[PDB]
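Asker: This is the structure, below, for whatever I ask next.
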Amino acid sequence: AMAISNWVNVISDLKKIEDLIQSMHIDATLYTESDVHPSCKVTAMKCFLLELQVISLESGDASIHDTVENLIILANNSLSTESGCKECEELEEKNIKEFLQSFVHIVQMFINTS
Amino acid sequence: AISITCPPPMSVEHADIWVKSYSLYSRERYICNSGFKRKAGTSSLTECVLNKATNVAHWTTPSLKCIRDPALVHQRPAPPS
């Protein structure tokens with residue numbers, strides 16, 4: 001075993017969730033920060049994690065839920081601050097494609113390992 | 001095994017809903033009222049489902065909480081009550 005940021009495994013779960021939702025018809029719009037400021041990346045990560053739970057609840061699918069659960073545990077293992085940041089509900093609502101693309105963008109900021 | 005349909009949805013505080021279909025398995029969505037926003041992490045989806053013991057159907061209770069728009073909590077300050 002060698003040491004690799006947990007966030008690498010988060011991207012692998014996002015890829016998996018994206019693949020799994022492709023069959024289904026999940027049509028929630030979700031709060032999306034597509035341009036995270038480094039000074040607010042914890043606040044932004046927290047929003048992504050919250051909204052990810054909506055994808056799971058609305059899917060009603062065991063595998064999506066397991067994969068969301070695995071992601072959130074990894075991410076919380078990687079967290080635990082910041083000021084002047086937007087609340088989640090101030091963010092644009094975007095479709096699931098755009099949401100997940102932006103999720104990948106920010107997970108990538110945290111591999112640095114920022 | 002009849003033409004099972006759901007009754008009107010229950011009210012959600014600070015939300016309204018316009019049902020396109022009352023048929024079994026129909027998926028509908030509450031929408032937060034003007035100046036309110038879906039709380040992050042909560043879902044506005046409600047589904048018509050079957051009490052498969054009694055053959056009546058009901059709308060699932062959404063996890064939706066509509067909260068005051070943070071844009072306005074900050075930029076349009078106001079009393080409570």
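Scheme for the structure tokens: letters A, B, ... for chains in order shown; per-chain residue numbers from 1; ligand numbers from 1 in order shown.
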Determine, using only C-alpha atoms, which residues of chain A have any atom at most 12 Å from an atom of chain B, and tabulate each with its shortest atom pair and distance in Å to one decimal place, rows ordered by chain and then rising number, as a tab-separated table.
Answerer:
```
residue	atom	partner	partner_atom	distance
A:25	CA	B:27	CA	11.1
A:26	CA	B:45	CA	10.4
A:27	CA	B:45	CA	9.9
A:28	CA	B:43	CA	8.3
A:29	CA	B:43	CA	10.1
A:30	CA	B:40	CA	8.1
A:31	CA	B:40	CA	7.3
A:32	CA	B:40	CA	10.5
A:44	CA	B:40	CA	11.7
A:46	CA	B:40	CA	9.9
A:47	CA	B:40	CA	7.0
A:48	CA	B:41	CA	8.9
A:49	CA	B:41	CA	8.1
A:50	CA	B:41	CA	4.3
A:51	CA	B:41	CA	4.7
A:52	CA	B:41	CA	7.4
A:53	CA	B:41	CA	6.0
A:54	CA	B:43	CA	5.7
A:55	CA	B:43	CA	8.7
A:56	CA	B:43	CA	10.0
A:57	CA	B:43	CA	7.5
A:58	CA	B:45	CA	6.9
A:59	CA	B:45	CA	10.4
A:60	CA	B:47	CA	11.3
A:85	CA	B:70	CA	11.7
A:86	CA	B:70	CA	8.7
A:87	CA	B:70	CA	7.0
A:88	CA	B:40	CA	6.3
A:89	CA	B:40	CA	6.4
A:90	CA	B:70	CA	6.3
A:91	CA	B:40	CA	9.9
A:92	CA	B:37	CA	11.3
A:93	CA	B:38	CA	10.4
```
Asker: Excluding segment 64-69 of chain A and its own-chain neighbours fewer than 3 positions away, which residues fall within 7 Å of it when counting only C-alpha atoms? Please give them as a compact mmCIF listing (two decimals) with N, CA and C atoms, in the first residue's frame.
Answerer:
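out-v8.txt, written as the output of this step:
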```txt
# COMPACT_ATOMS: atom_id res chain seq x y z
N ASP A 13 -15.95 7.58 -7.43
CA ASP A 13 -17.37 7.45 -7.07
C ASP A 13 -18.25 8.41 -7.91
N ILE A 17 -21.36 7.31 -10.21
CA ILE A 17 -22.69 7.85 -10.06
C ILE A 17 -23.13 8.42 -11.40
N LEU A 20 -24.24 5.52 -13.50
CA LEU A 20 -25.49 4.93 -13.01
C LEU A 20 -26.73 5.76 -13.28
N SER A 56 -29.31 10.97 -4.46
CA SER A 56 -29.56 9.65 -3.88
C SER A 56 -31.06 9.46 -3.52
N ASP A 61 -32.45 4.31 -5.58
CA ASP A 61 -31.66 3.21 -6.15
C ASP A 61 -30.52 2.77 -5.19
N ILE A 72 -19.48 10.25 0.52
CA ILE A 72 -19.61 11.21 1.61
C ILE A 72 -18.74 10.85 2.82
N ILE A 73 -18.62 9.56 3.11
CA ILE A 73 -17.72 9.06 4.20
C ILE A 73 -16.23 9.34 3.90
```
Asker: Grab the atom CA of residue 32 of chain B to atom CA of residue 16 of chain B distance for me, in Å with one decimal place.
Answerer: 6.5 Å
Asker: Could you tell me how far atom CA of residue 15 of chain B lies from atom CA of residue 99 of chain A, in Å and to one decimal?
Answerer: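 So the answer is 23.9 Å.
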Asker: Extract the full set of strand (DSSP E or B) residues from chain B according to DSSP on the backbone, and format it as a VMD selection string.
Answerer: chain B and resid 5 15 to 17 23 27 to 32 36 to 38 45 to 51 56 to 59 66 to 68
Asker: Segment 74-84 of chain A: which residues within 8 Å, counting only C-alpha atoms, same-chain residues fewer than 5 positions away excluded, as a VMD selection string?
Answerer: chain A and resid 6 to 7 9 to 10 39 to 40 42 to 43
